[PDB]
Amino acid sequence: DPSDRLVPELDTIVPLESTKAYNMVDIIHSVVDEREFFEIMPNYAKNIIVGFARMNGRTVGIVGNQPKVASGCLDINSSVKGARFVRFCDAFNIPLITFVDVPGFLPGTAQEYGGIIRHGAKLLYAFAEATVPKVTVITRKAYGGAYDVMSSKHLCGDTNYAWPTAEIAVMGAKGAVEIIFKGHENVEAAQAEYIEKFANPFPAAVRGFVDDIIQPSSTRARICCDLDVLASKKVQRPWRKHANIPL
Amino acid sequence: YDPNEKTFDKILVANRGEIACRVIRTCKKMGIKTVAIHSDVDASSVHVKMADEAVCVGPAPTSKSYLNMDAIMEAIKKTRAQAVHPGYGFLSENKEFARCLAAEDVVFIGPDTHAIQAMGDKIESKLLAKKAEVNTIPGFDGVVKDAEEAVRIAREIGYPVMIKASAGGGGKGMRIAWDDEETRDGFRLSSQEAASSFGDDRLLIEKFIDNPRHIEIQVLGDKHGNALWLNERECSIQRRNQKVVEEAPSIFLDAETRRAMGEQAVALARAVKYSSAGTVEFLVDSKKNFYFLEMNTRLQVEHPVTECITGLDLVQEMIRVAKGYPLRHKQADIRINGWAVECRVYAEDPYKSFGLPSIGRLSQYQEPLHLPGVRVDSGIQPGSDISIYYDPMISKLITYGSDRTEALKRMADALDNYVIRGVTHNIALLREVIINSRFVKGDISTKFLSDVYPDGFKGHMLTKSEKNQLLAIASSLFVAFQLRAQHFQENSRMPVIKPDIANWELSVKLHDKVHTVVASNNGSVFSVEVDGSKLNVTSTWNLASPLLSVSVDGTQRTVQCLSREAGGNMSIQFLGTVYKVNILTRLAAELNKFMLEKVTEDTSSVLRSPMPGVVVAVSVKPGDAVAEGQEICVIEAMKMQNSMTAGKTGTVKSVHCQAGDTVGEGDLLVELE
Amino acid sequence: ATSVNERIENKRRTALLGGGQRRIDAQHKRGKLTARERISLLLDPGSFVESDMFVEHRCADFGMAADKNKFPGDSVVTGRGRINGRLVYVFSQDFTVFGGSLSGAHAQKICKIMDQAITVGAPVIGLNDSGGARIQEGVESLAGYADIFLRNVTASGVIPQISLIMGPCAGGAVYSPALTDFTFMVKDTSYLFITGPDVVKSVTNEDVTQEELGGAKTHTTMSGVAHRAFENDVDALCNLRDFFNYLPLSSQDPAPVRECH
Ligand SMILES: *C(=O)CCCC[C@@H]1SC[C@@H]2NC(=O)N[C@@H]21
């Protein structure tokens with residue numbers, strides 16, 4: 001399996017309008033070697049995908065958001081399952097690839113009484129405490145604290161990419177425009193300017209938050225390049241007996 | 001050709017698919033600006049991207065997307081294009097479109113509306129054919145009120161043929177004509193049936209077309225009175241009155257019959273003052289007596305095969321004669337160059353109902369453009385989506401050679417080397433039809449697939465030698481994967497001791513039998529013993545390539561591996577057909593005997609909502625049919641709409657869902673049978 | 001004309017007065033007290049050394065670069081002090097100016113104080129009441145959060161961290177006390193939730209209040225997010241002080257031993 005083979009079927013995998021879903025497993029199958037993917041607990045917490053695959057012969061752990069189930073929002077079970085997978089993968093020297101498409105967390109009183117703060121902190125800790133090389137691809141959207149949770153740049157990230165369909169923001173456009181310009185009523189002016197200025201990766205690309213905006217059909221090759229350079233990665237951290245994970 | 005000649009500046013193509021791509025390619029060759037139109041769903045199509053300018057027209061449903069007269073006229077006015085090519089289908093034969101477009105001083109690449117209207121109605125077209133001194137069905141067209149009249153017509157116009165009854169057919173007096181007894185029998189039966197329903201006791205005697213063959217003559221004619229015939233085509237292999245394979249030259253008719261058909265078609269085209277291109281369709285019986293069937297005044301789907309025999313380009317010649325330039329080639333210039341065969345590959349299952357359409361998305365798509373004497377006419381690319389609103393056509397393969405056998409061999413090679421993953425296609429049916437016994441000799445009729453397959457398509461029945469070859473290939477592939485699973489990198493801390501296996505003993509479950517295999521490796525050559533039969537398999541054993549070329553003891557085979565599991569299951573596309581096989585070792589073969597058979601229960605006919613939400617709209621109606629993959633209803637939740645697809649086709653017992661209703665998790669929506 | 005010393009004095013007492021006396025009066029009528037008062041009530045008298053007092057946010061977009069919304073310090077007070085003689089680092093979020101929402105400067109000051117604490121080997125106390133993140137800043141604010149998170153995960157098991165929330169924390173801010181070793185609340189004037197009751201009503205349509213969905217009772221009786229609840233601010237600070245007396249300063253140091261009778 002050549003490392004520089006192209007994936008033209010990924011150019012239009014993400015639908016143009018944001019209310020329609022797509023299968024994230026198709027992207028993973030198209031990217032990994034020979035389209036072979038060992039999936040872990042596939043029938044539990046289907047909101048997220050974790051599994052083992054190979055890139056250029058090297059074993060890689062895969063974490064991805066599933067927009068088909070619950071819109072891809074983070075949860076209790078999703079957080080715990082992803083956290084345990086990431087912890088094993090980082091403990092046994094296995095690189096990580098994550099595919100982010102998430103609007104936030106599931107609302108409701110059941111999640112709030114169940115302690116979703118603790119489990120969200122579990123997933124955030126797992127991503128931030130990892131030392132193996134990790135690569136993130138933003139396909140469509142990453143809103144709010146979910147963007148920081150799901151392997152952001154500022155959590156000691158290594159390589160971060162965005163497809164031309166990616167948009168990164170603190171929240172939805174409508175809510176932002178109705179909590180920024182509230183004193184004076186606006187008709188189609190503020191909404192249009194905010195949409196044409198912030199519904200795109202550029203506010204994150206101008207600040208160096210993403211390395212580059214790449215074409216989808218060239219994703220795999222680029223990943224295969226980054227790992228080839230990142231295998232020599234070593235970091236140092238302050239001495240510590242063991243840490244206090246929010247279990 | 002010389003592009004320096006004064007031609008049009010901009011051409012707008014009013015179609016979609018592969019015909020749009022062909023027209024765009026020809027226009028680009030000619031050095032002309034091209035404008036395309038597309039639906040909203042077709043924003044990323046190939047013809048949209050190749051054309052210089054693309055203008056959206058509207059929604060996805062073609063009933064008011066590609067037939068919007070006003071939108072197309074507005075696009076013409078906006079783009080300032082002075083000519084339009086309608087291709088075939090849609091608005092190519094539309095009087096209203098032509099009359100609306102003639103008002104703005106924009107030329108139409110196609111025949112004048114007089115030809116369209118004179119071919120629209122059957123009675124006046126038949127009268128014109130009578131005027132055009134072209135032979136038709138010699139069938140009687142009068143009245144037969146008694147049996148003696150039937151025998152009189154029988155002895156007057158000849159009686160080898162099936163009977164007709166003017167108003168009424170298919171059992172209404174349909175008798176095989178060899179003697180007067182069936183005259184009387186058909187008379188009484190048809191008279192009784194007419195007195196019941198039809199009312200006309202008259203009878204007719206239309207000459208047979210038993211064992212019919214469909215012959216097409218391609219005619220090209222400018223507006224100065226010059227017309228040319230471009231040889232013939234045979235399109236006799238059909239399912240649901242749709243052709244699947246065509247061949248331009250025909251072994252049925254000799255030179256004199258070909259000349260007679262050409263002269264008659266040219267005379268008919270001249271009679272109507274034809275322009276651009278058209279086709280004349282005859283039916284021929286077993287005695288080489290052609291009978292007129294119709295005249296289609298439009299470019300045909302199976303046109304390019306004739307191109308391969310004559311070297312012409314129909315699109316450029318017709319766009320040239322659209323401006324008024326007389327055609328160049330004379331009648332003596334046209335000739336026959338070799339043989340050509342065309343196969344249409346669709347997106348449909350060839351096993352169930354003989355071509356049920358299917359929808360999906362292309363996981364990966366490759367075509368054999370490097371093979372000799374092969375051209376591909378397609379309008380799809382990898383990642384393309386097969387929609388329910390359009391024709392499920394995928395591509396057409398055209399293969400030319402010096403003679404029929406070379407063309408058929410090259411077509412089989414091309415079919416075996418053609419990758420379509422993501423949807424179901426009909427490659428197996430075409431691949432099996434090409435190597436049919438009576439197709440090769442030339443005994444093709446209109447009822448080919450009807451009587452060759454009384455019980456429907458069942459795949460390719462592989463003989464004992466081919467069965468042994470398939471078993472050997474599968475065993476060698478299993479061992480190749482097992483050997484590749486041993487190659488690690490150097491650790492230098494805990495070295496890997498490579499296991500040594502002299503030979504691999506395998507139990508291979510195929511169809512309903514189990515075979516015993518002994519496989520040995522000597523580098524890149526596998527020695528396989530299948531029930532005492534020795535075979536040698538050699539290949540490069542590139543495990544990542546979609547194609548795999550192996551050489552089983554001399555014979556070269558091309559195979560594809562579609563699926564593979566750790567439990568021993570494989571799916572092998574071999575000779576065009578997909579075979580499911582189970583592979584195990586000895587030890588697992590005896591240890592699997594003690595394993596209790598877990599009974600599996602599946603329904604696949606009850607629809608359950610996985611997440612709570614609100615049903616925006618129901619896209620189905622009770623008492624209909626749904627394809628495997630077609631979405632039934634859409635439910636929105638958290639502002640995202642989720643499409644609930646299907647998994648089978650069945651009868652809807654009841655519908656428990658309505659539009660605008662809020663449903664929870666696990667709620668019952670649709671019950672099938 | 002005017003000298004720079006008078007300008008320094010003007011900046012100084014603007015920073016001391018916070019966002020104004022009317023907003024301080026509103027804060028006191030709400031039932032709670034200010035950030036400076038919290039710091040003075042938690043630390044020993046005269047041991048607080050404020051760090052990096054003069055900071056103004058850098059955001060010229062959306063017309064917020066005018067002089068009407070320039071606030072030195074930018075909604076957080078950071079520094080180092082001593083409890084019973086032992087050194088400690090403290091940050092207290094100010095709800096008066098811009099609602100205590102995170103900005104670039106807010107996060108920068110907190111990150112600097114955390115870096116100093118990790119270098120020296122001293123614990124951190126955080127006093128939280130923040131409305132979330134700025135929408136005017138936009139993408140710049142989220143990054144700030146991530147930085148804080150990293151520091152938290154970096155210091156876990158190295159120095160003890162204490163979180164005490166005295167107001168309505170919402171959004172991603174709620175994830176900073178979660179990584180902290182211990183989290184204490186104050187009754188009737190403190191909330192914690194990722195999503196507010198209005199989005200909950202819009203999406204899953206249950207009628208809830210802020211107390212029922214994020215109150216101290218909820219997080220100390222059924223969710224297990226907080227470790228203790230205190231009646232008001234003063235006794236919460238007293239109990240924070242003696243709990244601090246229990247703990248050591250860093251994992252290098254052994255567990256403290258006190259003179260006993
Ligand atoms: C409707 O009001 C717009 C979307 C509602 C909030 C959505 S829902 C799931 C995500 N999690 C979150 O906190 N906001 C997002």
# chains A, B, ... in the order shown; residues from 1 in each chain; ligands from 1

call {"tool": "residues_around", "arguments": {"residues": "residue 188 in chain C", "least_positions_apart": "4", "cutoff": "9 Å", "atoms": "only C-alpha atoms", "output": "VMD selection string"}}
result
chain C and resid 211 215 to 217 231 to 232

call {"tool": "write_last_selection", "arguments": {"atoms": "N, CA, C and O atoms", "output": "PDB file, in the first residue's frame"}}
result
ATOM      1  N   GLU C 211     -30.777  26.595  40.711  1.00  0.00           N
ATOM      2  CA  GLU C 211     -30.465  25.851  41.926  1.00  0.00           C
ATOM      3  C   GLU C 211     -30.648  24.351  41.724  1.00  0.00           C
ATOM      4  O   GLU C 211     -29.806  23.555  42.155  1.00  0.00           O
ATOM      5  N   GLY C 215     -26.964  23.762  41.609  1.00  0.00           N
ATOM      6  CA  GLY C 215     -26.766  24.263  42.952  1.00  0.00           C
ATOM      7  C   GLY C 215     -25.798  23.424  43.761  1.00  0.00           C
ATOM      8  O   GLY C 215     -25.376  22.337  43.371  1.00  0.00           O
ATOM      9  N   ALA C 216     -25.432  23.965  44.926  1.00  0.00           N
ATOM     10  CA  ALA C 216     -24.495  23.277  45.806  1.00  0.00           C
ATOM     11  C   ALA C 216     -25.075  21.967  46.320  1.00  0.00           C
ATOM     12  O   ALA C 216     -24.358  20.968  46.440  1.00  0.00           O
ATOM     13  N   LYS C 217     -26.372  21.954  46.636  1.00  0.00           N
ATOM     14  CA  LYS C 217     -27.010  20.737  47.122  1.00  0.00           C
ATOM     15  C   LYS C 217     -26.951  19.625  46.081  1.00  0.00           C
ATOM     16  O   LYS C 217     -26.661  18.468  46.410  1.00  0.00           O
ATOM     17  N   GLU C 231     -21.840  27.610  54.388  1.00  0.00           N
ATOM     18  CA  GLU C 231     -23.033  28.450  54.474  1.00  0.00           C
ATOM     19  C   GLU C 231     -22.867  29.755  53.698  1.00  0.00           C
ATOM     20  O   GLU C 231     -23.717  30.107  52.871  1.00  0.00           O
ATOM     21  N   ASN C 232     -21.787  30.491  53.954  1.00  0.00           N
ATOM     22  CA  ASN C 232     -21.545  31.758  53.271  1.00  0.00           C
ATOM     23  C   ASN C 232     -20.054  31.867  52.966  1.00  0.00           C
ATOM     24  O   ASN C 232     -19.319  30.879  53.012  1.00  0.00           O
TER      25      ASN C 232
END

call {"tool": "residues_around", "arguments": {"residues": "residue 59 in chain A", "least_positions_apart": "4", "cutoff": "10 Å", "atoms": "only C-alpha atoms", "output": "VMD selection string"}}
result
chain A and resid 52 to 55 93 to 96

call {"tool": "write_last_selection", "arguments": {"atoms": "N, CA, C and O atoms", "output": "PDB file, in the first residue's frame"}}
result
ATOM      1  N   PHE A  52      -8.124   0.249  16.341  1.00  0.00           N
ATOM      2  CA  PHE A  52      -6.738   0.028  15.945  1.00  0.00           C
ATOM      3  C   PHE A  52      -6.663  -0.158  14.439  1.00  0.00           C
ATOM      4  O   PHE A  52      -7.466  -0.900  13.864  1.00  0.00           O
ATOM      5  N   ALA A  53      -5.703   0.508  13.804  1.00  0.00           N
ATOM      6  CA  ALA A  53      -5.472   0.351  12.376  1.00  0.00           C
ATOM      7  C   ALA A  53      -3.971   0.436  12.134  1.00  0.00           C
ATOM      8  O   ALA A  53      -3.174   0.457  13.074  1.00  0.00           O
ATOM      9  N   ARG A  54      -3.576   0.488  10.867  1.00  0.00           N
ATOM     10  CA  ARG A  54      -2.176   0.635  10.497  1.00  0.00           C
ATOM     11  C   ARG A  54      -2.029   1.741   9.468  1.00  0.00           C
ATOM     12  O   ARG A  54      -2.862   1.884   8.570  1.00  0.00           O
ATOM     13  N   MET A  55      -0.971   2.530   9.622  1.00  0.00           N
ATOM     14  CA  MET A  55      -0.565   3.537   8.650  1.00  0.00           C
ATOM     15  C   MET A  55       0.868   3.234   8.254  1.00  0.00           C
ATOM     16  O   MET A  55       1.765   3.254   9.105  1.00  0.00           O
ATOM     17  N   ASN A  93       2.962   3.361  23.797  1.00  0.00           N
ATOM     18  CA  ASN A  93       3.779   3.940  22.724  1.00  0.00           C
ATOM     19  C   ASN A  93       3.147   3.759  21.343  1.00  0.00           C
ATOM     20  O   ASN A  93       3.803   3.331  20.392  1.00  0.00           O
ATOM     21  N   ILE A  94       1.870   4.107  21.223  1.00  0.00           N
ATOM     22  CA  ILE A  94       1.116   3.949  19.986  1.00  0.00           C
ATOM     23  C   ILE A  94       0.603   5.317  19.564  1.00  0.00           C
ATOM     24  O   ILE A  94      -0.059   5.988  20.358  1.00  0.00           O
ATOM     25  N   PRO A  95       0.879   5.771  18.341  1.00  0.00           N
ATOM     26  CA  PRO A  95       0.421   7.099  17.913  1.00  0.00           C
ATOM     27  C   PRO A  95      -1.091   7.168  17.754  1.00  0.00           C
ATOM     28  O   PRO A  95      -1.777   6.162  17.575  1.00  0.00           O
ATOM     29  N   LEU A  96      -1.606   8.397  17.810  1.00  0.00           N
ATOM     30  CA  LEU A  96      -3.038   8.662  17.817  1.00  0.00           C
ATOM     31  C   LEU A  96      -3.441   9.536  16.636  1.00  0.00           C
ATOM     32  O   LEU A  96      -2.747  10.500  16.296  1.00  0.00           O
TER      33      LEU A  96
END

call {"tool": "closest_atom_pairs", "arguments": {"of": "chain C", "to": "ligand 1", "cutoff": "6 Å", "atoms": "only C-alpha atoms and all ligand atoms", "output": "CSV"}}
result
residue,atom,partner,partner_atom_place_in_ligand_line,distance
C:195,CA,ligand 1,13 (O),5.4
C:199,CA,ligand 1,2 (O),5.6
C:202,CA,ligand 1,2 (O),5.6

call {"tool": "write_last_selection", "arguments": {"atoms": "C-alpha atoms", "output": "compact mmCIF listing (two decimals), in the first residue's frame"}}
result
# COMPACT_ATOMS: atom_id res chain seq x y z
CA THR C 195 -25.52 24.07 29.69
CA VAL C 199 -30.98 25.54 26.13
CA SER C 202 -35.28 24.46 24.06

call {"tool": "select_by_dssp", "arguments": {"residues": "range 16-242 of chain A", "states": "alpha helix (DSSP H)", "output": "ChimeraX atom specification"}}
result
/A:24-31,76-91,109-113,116-128,145-149,173-180,189-198,202-205,219-230

call {"tool": "residues_around", "arguments": {"residues": "residue 308 in chain B", "least_positions_apart": "6", "cutoff": "9 Å", "atoms": "only C-alpha atoms", "output": "list in words"}}
result
residues 248, 337, 338, 339, 340, 398, 399 and 400 of chain B

call {"tool": "interface_residues", "arguments": {"of": "chain B", "to": "chain C", "cutoff": "12 Å", "atoms": "only C-alpha atoms", "output": "VMD selection string"}}
result
chain B and resid 612 to 613 636 to 640

call {"tool": "interface_residues", "arguments": {"of": "chain B", "to": "chain A", "cutoff": "6 Å", "atoms": "only C-alpha atoms", "output": "ChimeraX atom specification"}}
result
/B:382-383,544,640-641

call {"tool": "write_last_selection", "arguments": {"atoms": "N, CA and C atoms", "output": "CSV table (one decimal), in the first residue's frame"}}
result
chain,number,residue,atom,x,y,z
B,382,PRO,N,-14.7,8.4,-8.9
B,382,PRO,CA,-14.7,7.9,-7.5
B,382,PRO,C,-15.3,8.9,-6.5
B,383,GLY,N,-16.2,8.4,-5.6
B,383,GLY,CA,-16.9,9.2,-4.7
B,383,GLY,C,-18.3,9.7,-5.2
B,544,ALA,N,-2.2,-5.6,-1.5
B,544,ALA,CA,-2.9,-4.3,-1.4
B,544,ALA,C,-3.6,-3.9,-2.7
B,640,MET,N,-30.7,18.4,13.7
B,640,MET,CA,-30.1,17.6,12.6
B,640,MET,C,-31.2,16.6,12.1
B,641,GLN,N,-31.3,16.5,10.8
B,641,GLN,CA,-32.2,15.5,10.2
B,641,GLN,C,-31.5,14.3,9.9

call {"tool": "residues_around", "arguments": {"residues": "range 43-50 of chain C", "least_positions_apart": "2", "cutoff": "10 Å", "atoms": "only C-alpha atoms", "output": "PDB file with N, CA, C and O atoms, in the first residue's frame"}}
result
ATOM      1  N   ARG C  38     -12.175  39.024  49.439  1.00  0.00           N
ATOM      2  CA  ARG C  38     -11.913  37.593  49.564  1.00  0.00           C
ATOM      3  C   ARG C  38     -10.440  37.330  49.832  1.00  0.00           C
ATOM      4  O   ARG C  38     -10.086  36.541  50.718  1.00  0.00           O
ATOM      5  N   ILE C  39      -9.561  37.982  49.067  1.00  0.00           N
ATOM      6  CA  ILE C  39      -8.128  37.761  49.241  1.00  0.00           C
ATOM      7  C   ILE C  39      -7.675  38.235  50.617  1.00  0.00           C
ATOM      8  O   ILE C  39      -6.905  37.552  51.302  1.00  0.00           O
ATOM      9  N   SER C  40      -8.155  39.403  51.051  1.00  0.00           N
ATOM     10  CA  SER C  40      -7.776  39.910  52.366  1.00  0.00           C
ATOM     11  C   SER C  40      -8.295  39.021  53.487  1.00  0.00           C
ATOM     12  O   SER C  40      -7.678  38.950  54.555  1.00  0.00           O
ATOM     13  N   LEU C  41      -9.424  38.348  53.273  1.00  0.00           N
ATOM     14  CA  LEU C  41      -9.997  37.476  54.286  1.00  0.00           C
ATOM     15  C   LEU C  41      -9.399  36.075  54.284  1.00  0.00           C
ATOM     16  O   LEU C  41      -9.517  35.369  55.290  1.00  0.00           O
ATOM     17  N   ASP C  52       1.500  41.643  38.573  1.00  0.00           N
ATOM     18  CA  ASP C  52       1.075  42.023  37.228  1.00  0.00           C
ATOM     19  C   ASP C  52      -0.286  42.724  37.281  1.00  0.00           C
ATOM     20  O   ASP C  52      -1.276  42.288  36.692  1.00  0.00           O
ATOM     21  N   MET C  53      -0.310  43.835  38.018  1.00  0.00           N
ATOM     22  CA  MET C  53      -1.555  44.546  38.287  1.00  0.00           C
ATOM     23  C   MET C  53      -2.048  45.318  37.067  1.00  0.00           C
ATOM     24  O   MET C  53      -3.254  45.363  36.804  1.00  0.00           O
ATOM     25  N   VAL C  77      -7.699  38.907  39.851  1.00  0.00           N
ATOM     26  CA  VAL C  77      -6.676  39.359  40.785  1.00  0.00           C
ATOM     27  C   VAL C  77      -5.806  38.155  41.115  1.00  0.00           C
ATOM     28  O   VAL C  77      -6.308  37.141  41.608  1.00  0.00           O
ATOM     29  N   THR C  78      -4.508  38.267  40.853  1.00  0.00           N
ATOM     30  CA  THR C  78      -3.571  37.169  41.036  1.00  0.00           C
ATOM     31  C   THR C  78      -2.439  37.607  41.952  1.00  0.00           C
ATOM     32  O   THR C  78      -2.076  38.784  41.983  1.00  0.00           O
ATOM     33  N   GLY C  79      -1.886  36.664  42.704  1.00  0.00           N
ATOM     34  CA  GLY C  79      -0.745  37.004  43.535  1.00  0.00           C
ATOM     35  C   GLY C  79      -0.305  35.851  44.409  1.00  0.00           C
ATOM     36  O   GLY C  79      -0.732  34.708  44.234  1.00  0.00           O
ATOM     37  N   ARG C  80       0.577  36.177  45.352  1.00  0.00           N
ATOM     38  CA  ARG C  80       1.112  35.228  46.317  1.00  0.00           C
ATOM     39  C   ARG C  80       1.007  35.806  47.721  1.00  0.00           C
ATOM     40  O   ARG C  80       1.201  37.006  47.928  1.00  0.00           O
ATOM     41  N   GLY C  81       0.697  34.941  48.681  1.00  0.00           N
ATOM     42  CA  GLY C  81       0.632  35.327  50.076  1.00  0.00           C
ATOM     43  C   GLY C  81       1.048  34.197  50.989  1.00  0.00           C
ATOM     44  O   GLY C  81       1.685  33.243  50.539  1.00  0.00           O
ATOM     45  N   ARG C  82       0.693  34.281  52.269  1.00  0.00           N
ATOM     46  CA  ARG C  82       1.061  33.253  53.229  1.00  0.00           C
ATOM     47  C   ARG C  82      -0.114  32.929  54.135  1.00  0.00           C
ATOM     48  O   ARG C  82      -0.854  33.821  54.556  1.00  0.00           O
ATOM     49  N   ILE C  83      -0.289  31.642  54.417  1.00  0.00           N
ATOM     50  CA  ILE C  83      -1.254  31.164  55.401  1.00  0.00           C
ATOM     51  C   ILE C  83      -0.469  30.520  56.533  1.00  0.00           C
ATOM     52  O   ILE C  83       0.276  29.557  56.312  1.00  0.00           O
ATOM     53  N   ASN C  84      -0.619  31.073  57.737  1.00  0.00           N
ATOM     54  CA  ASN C  84       0.087  30.602  58.932  1.00  0.00           C
ATOM     55  C   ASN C  84       1.595  30.522  58.707  1.00  0.00           C
ATOM     56  O   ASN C  84       2.295  29.744  59.359  1.00  0.00           O
ATOM     57  N   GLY C  85       2.110  31.332  57.783  1.00  0.00           N
ATOM     58  CA  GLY C  85       3.519  31.393  57.495  1.00  0.00           C
ATOM     59  C   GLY C  85       3.955  30.671  56.237  1.00  0.00           C
ATOM     60  O   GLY C  85       5.038  30.967  55.722  1.00  0.00           O
ATOM     61  N   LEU C  87       3.905  29.712  52.264  1.00  0.00           N
ATOM     62  CA  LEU C  87       3.625  30.432  51.029  1.00  0.00           C
ATOM     63  C   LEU C  87       2.549  29.730  50.206  1.00  0.00           C
ATOM     64  O   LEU C  87       2.440  28.502  50.197  1.00  0.00           O
ATOM     65  N   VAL C  88       1.752  30.531  49.499  1.00  0.00           N
ATOM     66  CA  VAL C  88       0.677  30.022  48.656  1.00  0.00           C
ATOM     67  C   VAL C  88       0.424  31.028  47.540  1.00  0.00           C
ATOM     68  O   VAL C  88       0.689  32.222  47.685  1.00  0.00           O
ATOM     69  N   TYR C  89      -0.059  30.530  46.403  1.00  0.00           N
ATOM     70  CA  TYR C  89      -0.439  31.356  45.265  1.00  0.00           C
ATOM     71  C   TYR C  89      -1.950  31.330  45.105  1.00  0.00           C
ATOM     72  O   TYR C  89      -2.586  30.296  45.321  1.00  0.00           O
ATOM     73  N   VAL C  90      -2.530  32.468  44.741  1.00  0.00           N
ATOM     74  CA  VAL C  90      -3.979  32.621  44.742  1.00  0.00           C
ATOM     75  C   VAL C  90      -4.405  33.428  43.524  1.00  0.00           C
ATOM     76  O   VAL C  90      -3.735  34.392  43.133  1.00  0.00           O
ATOM     77  N   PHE C  91      -5.515  33.016  42.908  1.00  0.00           N
ATOM     78  CA  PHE C  91      -6.201  33.864  41.942  1.00  0.00           C
ATOM     79  C   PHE C  91      -7.682  33.931  42.290  1.00  0.00           C
ATOM     80  O   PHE C  91      -8.264  32.954  42.764  1.00  0.00           O
ATOM     81  N   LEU C 237     -14.151  30.609  53.871  1.00  0.00           N
ATOM     82  CA  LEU C 237     -12.738  30.977  53.870  1.00  0.00           C
ATOM     83  C   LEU C 237     -12.025  30.478  55.124  1.00  0.00           C
ATOM     84  O   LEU C 237     -10.866  30.055  55.056  1.00  0.00           O
ATOM     85  N   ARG C 241      -8.922  27.880  55.219  1.00  0.00           N
ATOM     86  CA  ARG C 241      -7.646  28.115  55.893  1.00  0.00           C
ATOM     87  C   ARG C 241      -7.204  26.895  56.695  1.00  0.00           C
ATOM     88  O   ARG C 241      -6.047  26.461  56.606  1.00  0.00           O
TER      89      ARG C 241
END

call {"tool": "interface_residues", "arguments": {"of": "chain C", "to": "chain A", "cutoff": "8 Å", "atoms": "only C-alpha atoms", "output": "count of residues only"}}
result
40

call {"tool": "residues_around", "arguments": {"residues": "range 315-325 of chain B", "least_positions_apart": "3", "cutoff": "9 Å", "atoms": "only C-alpha atoms", "output": "list in words"}}
result
residues 7, 8, 22, 23, 26, 27, 30, 85, 107, 108, 109, 110, 111, 220, 221, 222, 223, 224, 275, 276, 277, 299, 312 and 328 of chain B

call {"tool": "closest_residue", "arguments": {"among": "C:155, C:185, C:109, C:69", "to": "residue 239 in chain C", "atoms": "only C-alpha atoms"}}
result
C:185

call {"tool": "closest_residue", "arguments": {"among": "C:94, C:25, C:61, C:37", "to": "residue 168 in chain C", "atoms": "only C-alpha atoms"}}
result
C:94

call {"tool": "closest_residue", "arguments": {"among": "C:96, C:128, C:252, C:209", "to": "residue 17 in chain C", "atoms": "only C-alpha atoms"}}
result
C:96

call {"tool": "residues_around", "arguments": {"residues": "residue 664 in chain B", "least_positions_apart": "2", "cutoff": "12 Å", "atoms": "only C-alpha atoms", "output": "list in words"}}
result
residues 608, 609, 610, 611, 612, 613, 614, 615, 635, 636, 637, 657, 661, 662, 666, 667, 668 and 669 of chain B

call {"tool": "residues_around", "arguments": {"residues": "residue 536 in chain B", "least_positions_apart": "3", "cutoff": "6 Å", "atoms": "only C-alpha atoms", "output": "list in words"}}
result
residues 526, 527, 552 and 553 of chain B

call {"tool": "write_last_selection", "arguments": {"atoms": "N, CA and C atoms", "output": "CSV table (one decimal), in the first residue's frame"}}
result
chain,number,residue,atom,x,y,z
B,526,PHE,N,3.3,-21.5,-5.6
B,526,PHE,CA,2.5,-22.3,-4.7
B,526,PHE,C,2.2,-23.6,-5.4
B,527,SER,N,2.5,-24.7,-4.7
B,527,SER,CA,2.0,-26.1,-5.2
B,527,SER,C,0.8,-26.5,-4.4
B,552,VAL,N,-2.3,-19.8,-13.1
B,552,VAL,CA,-2.5,-21.2,-12.6
B,552,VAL,C,-2.1,-22.1,-13.8
B,553,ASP,N,-1.0,-22.8,-13.5
B,553,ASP,CA,-0.3,-23.8,-14.4
B,553,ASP,C,-0.5,-23.4,-15.9

call {"tool": "select_by_dssp", "arguments": {"residues": "range 222-372 of chain B", "states": "strand (DSSP E or B)", "output": "PyMOL selection string"}}
result
chain B and resi 227-239+242-247+276-284+290-296+339-346+348-349+356-357+360-361+364-366

call {"tool": "closest_residue", "arguments": {"among": "C:180, C:141, C:10, C:250", "to": "residue 101 in chain C", "atoms": "only C-alpha atoms"}}
result
C:141
